[PDB]
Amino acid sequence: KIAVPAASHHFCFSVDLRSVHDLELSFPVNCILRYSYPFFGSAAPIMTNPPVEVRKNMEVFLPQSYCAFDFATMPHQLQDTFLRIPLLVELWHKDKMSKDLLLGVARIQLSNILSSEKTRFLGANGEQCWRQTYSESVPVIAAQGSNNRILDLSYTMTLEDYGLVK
């Protein structure tokens, strides 16, 4: 039915929300991380699962922390969107008896990946593909007030360019 412009590339972007650490709240958080980035194709939220308890002075590795997104767009458009639209990763507290609580948000600057080294790889038909990867730890800032670092998020992202869409 519906085509895309021939100059579109097939990209694969993946986010690994690997761990959280340095909880600065005095109480235990039953943590999930949740995000939406409709540029990748859907506003449907992605979240870690199940919840994991986080207390002070520990690194907790998140389950179901990895997601890869295959999408088609123009290189120019990916550049502008990654420069202008931050990836907002929400820290939620979950409990069986209580309603879900939003504690804070990490703002991930996707364009950090664009300055990383581009490395070559080959696609499933020997075509020239490129990969960039970037890793850092970023602050989760409290949801209601401002500038209050409540947790750190260690993540990795990868961007693969499979070249022109087929």
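Numbering starts at 1 and follows the sequence shown.
Asks: Which has the higher mean CA temperature factor in the PDB entry, 91 to 99 or 78 to 86?
Replies: On average, C-alpha B-factors are higher across 91 to 99.
Asks: Can you let me know which of the two, 31 to 39 or 124 to 132, has the higher average C-alpha B-factor in the entry?
Replies: So the stretch with the higher mean C-alpha B-factor is 124 to 132.
Asks: At the C-alpha atoms, which of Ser65, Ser111, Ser26, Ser116 reaches the highest B-factor in this entry?
Replies: Top of the list by C-alpha B-factor: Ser26.
Asks: I'd like to know which of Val15, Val20, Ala142, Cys12 has the highest C-alpha temperature factor in the PDB entry.
Replies: Spelled out: the listed residue with the top C-alpha B-factor is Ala142.
Asks: What third of the chain does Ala3 rank in for C-alpha temperature factor, lowest, middle or highest?
Replies: According to the entry, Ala3 has a C-alpha B-factor in the chain's middle third.
Asks: Looking at the entry's B-factor column for C-alpha atoms only, identify whether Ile46 ranks in the lowest, middle or highest third of its chain.
Replies: Middle third, going by the recorded CA B-factors of the chain.
Asks: Within this chain, which third does the Cα B-factor at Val105 fall in: lowest, middle or highest?
Replies: Within its chain, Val105 is a middle-third residue by C-alpha B-factor, going by the deposited values.
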